[PDB]
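In what follows, a single structure is set out as structure tokens and then discussed.
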Amino acid sequence: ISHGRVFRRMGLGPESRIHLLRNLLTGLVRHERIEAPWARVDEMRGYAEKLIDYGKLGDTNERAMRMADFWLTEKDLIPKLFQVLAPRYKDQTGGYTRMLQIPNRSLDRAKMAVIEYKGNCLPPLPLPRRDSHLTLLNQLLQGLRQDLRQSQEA
Amino acid sequence: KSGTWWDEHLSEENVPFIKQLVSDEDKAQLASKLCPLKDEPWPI
Amino acid sequence: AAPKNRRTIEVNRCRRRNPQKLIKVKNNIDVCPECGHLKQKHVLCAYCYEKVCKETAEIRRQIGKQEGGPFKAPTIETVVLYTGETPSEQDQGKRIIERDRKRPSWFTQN
Amino acid sequence: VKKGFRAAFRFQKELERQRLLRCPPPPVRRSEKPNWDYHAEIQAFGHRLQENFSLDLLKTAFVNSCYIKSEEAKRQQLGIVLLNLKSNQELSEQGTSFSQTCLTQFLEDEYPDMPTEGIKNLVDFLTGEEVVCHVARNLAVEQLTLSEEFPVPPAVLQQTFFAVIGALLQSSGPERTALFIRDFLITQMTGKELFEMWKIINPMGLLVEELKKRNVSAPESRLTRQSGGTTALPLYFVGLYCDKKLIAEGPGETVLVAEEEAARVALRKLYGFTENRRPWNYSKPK
Amino acid sequence: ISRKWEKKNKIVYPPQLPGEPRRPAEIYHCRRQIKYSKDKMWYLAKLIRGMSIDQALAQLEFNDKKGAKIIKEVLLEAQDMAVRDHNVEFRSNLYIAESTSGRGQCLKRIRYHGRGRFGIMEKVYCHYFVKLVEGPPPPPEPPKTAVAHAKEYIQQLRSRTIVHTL
Amino acid sequence: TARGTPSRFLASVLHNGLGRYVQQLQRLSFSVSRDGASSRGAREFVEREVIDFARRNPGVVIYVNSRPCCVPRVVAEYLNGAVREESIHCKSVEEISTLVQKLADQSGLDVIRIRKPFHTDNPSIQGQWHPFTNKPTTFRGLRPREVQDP
Amino acid sequence: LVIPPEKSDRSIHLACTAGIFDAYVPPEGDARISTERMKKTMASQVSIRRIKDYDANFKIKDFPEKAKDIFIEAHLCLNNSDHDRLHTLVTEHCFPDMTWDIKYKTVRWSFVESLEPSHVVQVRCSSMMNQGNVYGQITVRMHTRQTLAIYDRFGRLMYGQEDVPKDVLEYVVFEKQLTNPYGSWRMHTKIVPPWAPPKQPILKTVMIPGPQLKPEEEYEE
Amino acid sequence: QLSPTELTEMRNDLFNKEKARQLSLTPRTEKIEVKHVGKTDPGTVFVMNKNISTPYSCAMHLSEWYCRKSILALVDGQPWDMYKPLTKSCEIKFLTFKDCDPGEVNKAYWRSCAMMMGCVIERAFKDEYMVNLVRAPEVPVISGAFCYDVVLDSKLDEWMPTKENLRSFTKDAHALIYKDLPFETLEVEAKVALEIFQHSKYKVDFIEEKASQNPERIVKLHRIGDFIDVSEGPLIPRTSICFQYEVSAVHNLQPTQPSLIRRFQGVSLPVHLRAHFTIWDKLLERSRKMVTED
Ligand SMILES: [Mg+2]
Ligand SMILES: [Mg+2]
Ligand SMILES: [Zn+2]
């Protein structure tokens, strides 16, 4: 039974799980886009979002600095978190990362995902785009919308 | 032959419109049943 | 516990060729509009994703040359500028990674 | 490797049987195969049938026009008259006419109540390609037939068969030939039903006209028996009554089918082709 | 060993007559000595039977089994060979007429067990055979309907004779 | 066994014997070695027996072919197209006569299981039985427990 | 396979050359007609002499009739795949070009009529003792009506028509081995003029694939 | 005049005759070079047969995906039916329902659905009553329903179709879809078209207008099964493209004094863009309202 168990069992135990996730998060902050098994990226995505919130507290917040010191194994990245990543999302309250499934890994056919911090300088991923508003179905609905708005104003 | 779902082919503009449209009809349908005794009830 | 009798090919065919054991047909394969190669509806196109990765790798090698060592991450934002382009007003104060090629069409300047 | 030769030879024979079975060879004329003497085969043909054929006429009966035209084409191709071979066209016409008139006489005497349309259909069935070719093939007519194409076309085989009847007519006369037609063509009606040979449509319509000719009231259809009316396997017996007297009764899976079958039963009784009618008399004429 | 499958692309038929129907092109291709199990390969060969060349290629491109890549490789070179050497007009107008795997020449190796005991391990190889026929894929058989059963049942009732008598 | 072999119904060739009897044996082909010992009985059959057998059966064309052979054979062909090859290897002249006479009397149909020891196209003269054959009819054909004129 | 074993006394005995000694370029508009002239003729006369040297009883006038016979019989071997007889009528340079592409195809070719008599346009000889062998090539011009219908492996009409004859103007080159005591005259190759009209179209439609570009690469017109 | 069944046999014979004539003009098998100018498969050249090979044949050279997704062809920048033979060396592009701007594809599907309505309406009424096909008005897709103007018999001047009758028309349209009939096209001169549609006055007037617009006075003819009609532009390849198809309402146009023109209306979605049951019902409601072409 595992009702309401929100965390996955990975690595060699609870500690190794954190270390596994910490290495993925450290790589993400440096490179701003990484690929890894889908489940591991999905688990780490929660930490990657909260790290920005700690970065927004500022480098003068001792609690935020201790959190960043633990989760960033490369100390040159701690200035980046507080002075590059956190200011970039100053005007957002969430959704700092985007996660997309990519083709299965060649060797072991593992389900794979790419995760990146939005607003990076890297070439954009081929994001999935919705059908154009000019398609047959969307034009039929646009007419239905126009009609309803006209009937309400009357 | 490929499976489809309701908002598969809907564009960014039509997804909010459809959600609002169907939601309002549900609310209107439920509110219309609040007077059972005034709508030809069966013998009590 | 060992097998008491040999299992016949008739029995084995019923087990091996059962519909559960067969490979299921996939109905979520579609053509990629950008490149024309096949893709799954919920997965990124392999051909397009590889193209993006190749350019991402080239830019990352350039970033390495500018950093010139470990533990040298910048404290300012970065902008990739291709041949024939100069920094914009919004690109001031950002590390400029110069790429010796023409800007890819799919890569839009911002 | 084992010593010996017999086992290998025996296996070679079987390997040739399997090779042949996998790839059956195209059929060829019996004349092209070994052990064939046309003159001897022609003589045995008549003796089997207990008929004193004229070897001159019998040989001509087998010669067809297609074989003559092709034989000449081969002569021209080889740059080689001596091919003044008479075809069986004349003999075929004589035999065909005699057979039709002879069969019409046999059938009219046996079943005096069958109209001309019925008797014509029976004669057309007995002289048809299917019936005639079946009889001809089982009498070695195809083996002795000289044709351009093998297997012999059905129309060519039918023509050759009637040529043999013509040859018998000139050789032995009509009485001897009448027995031949009785023994090999009339016999083909042994177990076959009237309407299996005479294909008709709308039997009820034909019955109504016949009863009018006989000055009998129109037949009234009535349900004599019934079972499983509401099921997927009904049984209906529909009886036709003329002046409230049963003339025929027929079963069927539906009332319409049973009614139509009853009309056929009424027609069979009217014409004398009942299943239990007197069998044909094949005894030697007195 | 036998190599009859490669000799079937060398059969020259005689010129067709003016009134005969156009004969579909048939292309036989195979790959020999694949380091993969024939039992596992059978499932992939079973998948694409009767499929169009394009549908089979799509199914194999998104399969996780190792045999899928090999079969896709064989199908592509067979498709190219059909148009290049067998006078097939449209490369897409092809369907899988036959696809099956065969046993290859295998090697034996020792597998070690405890207590000084051993087993004999087989390094398995397999063949893959494919036949491509020109034309659209044949339609699947419609499920036997209730009308067909009822017609068949009544047919068996009607062929029923009185047994062991005249 | 019956289940492992084919079968047929008793039948004739072109209703043989109905109007007239026609011998079905149509051709006989012998192959007798001049010097082979196995063909000794076949040579003795060709010297005194084959000529008298042909006189009695003028409808059968017999082909005697003398050629080197280790196994002498006789091939019988019938009007219906059946071909039968029978060995006469090392058989006596009396044994060969019996075999040849047996071939002369056969119809050429397959010597396989015959389902019934009799055949007829008119099994019934009074009407084949059906469930209503011996059932009495009822006034107005009323069914059991059926109310009339309601 | 390019060279046999090294330091071997035995060598490969070639019976033909791989190309034409001096390619004869036909005058433009020769199909329409259907100082330098002497210089070319003198070169032909010189070469003809060395041809009559090894074979005294040689006549240039008789060759165009013989050339047509070799040409017709060589093409007739393609109809029945009589390769054994073909090697005697064609050289080892011509044999691959004639038969390689029709190995699994049915060729129905026929000769109808000869519009214009054959004319020996050029006669030339090889450099003396290339490897102890001397060759003589006689270019001939043929204007004849031919019928060709090629079928594919499955007996389906692939090219041409089986009953419509069309005009063919082609300059067939022959070659003989003079030194060989058993050498003969054999079809060697064909000259295709640049101005020659394009061949009749094929029956089936064709697609020419564009560049297969890897992800990093981009399509440039 | 000719009976309805004989009228189709005459029109089909004339249509077939003109088709055979245009095919004979082709000298043997002339070859054209068609360059692919699409974003995918760039640079592909097709060496096709003039006046025989259609855009569909070019898609067949590429893959089955092109054949299934291509609804319309863009030949030298002009919309081109998938089954219309190519006449010259040109550039070709393939259009789908899901393109960034599928305006042209929408019109083709939108025109084809109207033509399928005309087919069922002509063959739905009893032989007693006369059905006179008028035209297929060009109404924008955003209007919510495609319309087809028809003139019915004087006897049916007070008759309005019932809901079961509207459902009867829909079942006939779906039968046309199940048959999977191709849209055969023919570009003929006004004279040929006028002969085919001589018995119908409205078509003659309509045919004359289209011929006048073009200097060469060639009119575009289309046929599905045994139904021939005149069109405004290129159509879709086959009727099997339609998945959801229903005729919604029949309106009586005004003024009714000269003649009572009845506007039959419907709405449909292809297989590629099929809508959900709930969403489809909302579209049927708007389709039942009268549309006024502008
Ligand atoms: Mg684990
Ligand atoms: Mg040990
Ligand atoms: Zn892509």
Margin query: Checking the structure you have, find out if any residue of segment G:62-75 is in a helix (DSSP H, G or I) and of a type in the set (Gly, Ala, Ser).
Written below: yes
Next item on the list: Considering only segment D:186-220, state which residues are more than 14 Å from every other protein chain (Cβ to nearest Cβ), in contact with a helix residue (DSSP H, G or I) (Cβ under 9 Å, 6 or more places away or on another chain) and in a loop (DSSP other than H, G, I, E, B).
Entry: D:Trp198, D:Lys199, D:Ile200, D:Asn202, D:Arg214, D:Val216, D:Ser217, D:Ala218, D:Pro219
Next item on the list: For segment D:219-227, indicate whether the set of residues that are of a type in the set (A, V, I, L, M, F, W, C) and under 21 Å from D:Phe273 (Cβ atoms) is non-empty.
Entry: no
Note to self: With the requirement that a residue be farther than 12 Å from B:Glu12 by Cβ and either surrounded by 22 or more Cβ atoms within 10 Å (Cβ to Cβ) or facing chain H (nearest Cβ under 10 Å) (or both), what does segment A:125-134 give you?
What the structure shows: A:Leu134
Item checked: Filter pass, D:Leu103 being more than 30 Å from D:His39 (Cα to Cα) and assigned to a helix (DSSP H, G or I) -> yes
Next item on the list: Can you give me the ranges of the strands (runs of 3 or more DSSP E) entirely in segment H:99-210 with at least 1 residues that are farther than 27 Å from H:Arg288 by Cβ and out of contact with any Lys or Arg (no Cβ under 6 Å at 6 or more places or on another chain)?
Entry: H:184-189
Next item on the list: Exactly one condition in (1) within 14 Å of chain D (Cβ to nearest Cβ); (2) over 25 Å from E:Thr165 (Cβ atoms); (3) among the polar types (S, T, N, Q) is not met by F:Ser124; state its number.
Entry: (2)
Check: What are the residue pairs meeting all of these: first residue in segment A:8-26, first residue within 14 Å of another protein chain (Cβ to nearest Cβ), second residue near ligand 1 (Cβ under 10 Å from one of its atoms) and small (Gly, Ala, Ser), Cβ atoms under 7 Å, and 6 or more apart or on different chains?
Finding: none
Note to self: For segment G:128-152, which positions are over 21 Å from G:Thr179 (Cβ atoms) and of a type in the set (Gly, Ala, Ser)?
What the structure shows: G:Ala149
Next item on the list: Being in a helix (DSSP H, G or I) and of a type in the set (A, V, I, L, M, F, W, C) is the filter here, so list the residues in segment D:40-78 that pass it.
Entry: D:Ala40, D:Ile42, D:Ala44, D:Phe45, D:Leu55, D:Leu57, D:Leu58, D:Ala61, D:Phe62, D:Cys66, D:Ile68, D:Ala73
Notebook entry, point to check: When only residues in segment F:58-83 that are assigned to a loop (DSSP other than H, G, I, E, B) and more than 9 Å from chain D (Cβ to nearest Cβ) count, which is nearest to D:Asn52 (Cα to Cα)?
Noted result: F:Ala82
Checklist line | Residue among G:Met142, G:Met158 that alone is farther than 30 Å from G:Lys61 by Cα and surrounded by 13 or more Cβ atoms within 10 Å (Cβ to Cβ) | finding: G:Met158
Next item on the list: With respect to D:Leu223, determine if the residue is within 14 Å of chain F (Cβ to nearest Cβ), part of a loop (DSSP other than H, G, I, E, B) and either closer than 25 Å to F:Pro123 by Cβ or among the aliphatic types (A, V, I, L, M) (or both).
Entry: no
Notebook entry, point to check: Pick from A:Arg17, A:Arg9, A:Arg30: which is surrounded by fewer than 17 Cβ atoms within 10 Å (Cβ to Cβ), away from ligand 3 (no atom under 16 Å from the Cβ) and under 19 Å from A:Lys111 (Cα atoms)?
Noted result: A:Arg9
Margin query: I'd like to know if segment C:66-84 contains one or more residues that are touching a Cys at 6+ places or on another chain (Cβ under 8 Å), surrounded by 10 or more Cβ atoms within 10 Å (Cβ to Cβ) and of a type in the set (A, V, I, L, M, F, W, C).
Written below: yes
Checklist line | Residues located in segment B:12-24, provided they are away from chain H (no Cβ under 11 Å) and either assigned to a loop (DSSP other than H, G, I, E, B) or closer than 17 Å to H:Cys100 by Cβ (or both) | finding: B:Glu12, B:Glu13
Item checked: Residue under evaluation A:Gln101, criteria (1) surrounded by 18 or more Cβ atoms within 10 Å (Cβ to Cβ); (2) within 16 Å of ligand 3 (Cβ to nearest atom), criterion not met -> (1)
Check: Residues that are more than 14 Å from chain H (Cβ to nearest Cβ): which strands (runs of 3 or more DSSP E) entirely in segment C:6-85 hold 3 or more of them?
Finding: C:78-82
Check: When you scan segment A:1-19, how many residues do you find that are within 22 Å of the chain's Cα centre (by Cα) and away from ligand 1 (no atom under 11 Å from the Cβ)?
Finding: 5
Note to self: I'd like the full set of residues that are touching a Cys at 6+ places or on another chain (Cβ under 8 Å) and assigned to a loop (DSSP other than H, G, I, E, B), limited to segment F:1-36.
What the structure shows: F:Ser33, F:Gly36
Item checked: Per-region count, segment D:241-253, residues surrounded by 12 or more Cβ atoms within 10 Å (Cβ to Cβ) and farther than 17 Å from F:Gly127 by Cβ -> 3
Next item on the list: Can you run down the residue pairs with Cβ atoms below 8 Å, 6 or more apart or on separate chains, where the first is in segment D:244-266 and within 22 Å of D:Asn276 (Cβ to Cβ) and the partner is assigned to a helix (DSSP H, G or I) and of a type in the set (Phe, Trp, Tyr)?
Entry: D:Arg264/D:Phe195
Margin query: Against the definition (hydroxyl-bearing (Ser, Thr, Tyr), farther than 30 Å from C:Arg103 by Cβ, away from chain C (no Cβ under 14 Å) and surrounded by fewer than 16 Cβ atoms within 10 Å (Cβ to Cβ)), how does A:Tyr47 come out, yes or no?
Written below: yes
Next item on the list: Confirm whether D:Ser65 is assigned by CATH to the domain that holds D:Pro174, surrounded by fewer than 17 Cβ atoms within 10 Å (Cβ to Cβ), closer than 19 Å to D:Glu148 by Cα and of a type outside the set (A, V, I, L, M).
Entry: yes
Checklist line | F:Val50 within 23 Å of F:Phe118 (Cα to Cα) and within 26 Å of the chain's Cα centre (by Cα) | finding: no
Notebook entry, point to check: Which numbered condition trips up A:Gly55, out of (1) surrounded by 18 or more Cβ atoms within 10 Å (Cβ to Cβ); (2) within 16 Å of ligand 1 (Cβ to nearest atom)?
Noted result: (2)
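Numbers and lists here come from the model and the stated rules, or from a named source; no laboratory instrument gave them. Note: ideal-geometry Cβ built from the backbone for every residue, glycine included; neighbour counts use all protein chains shown.
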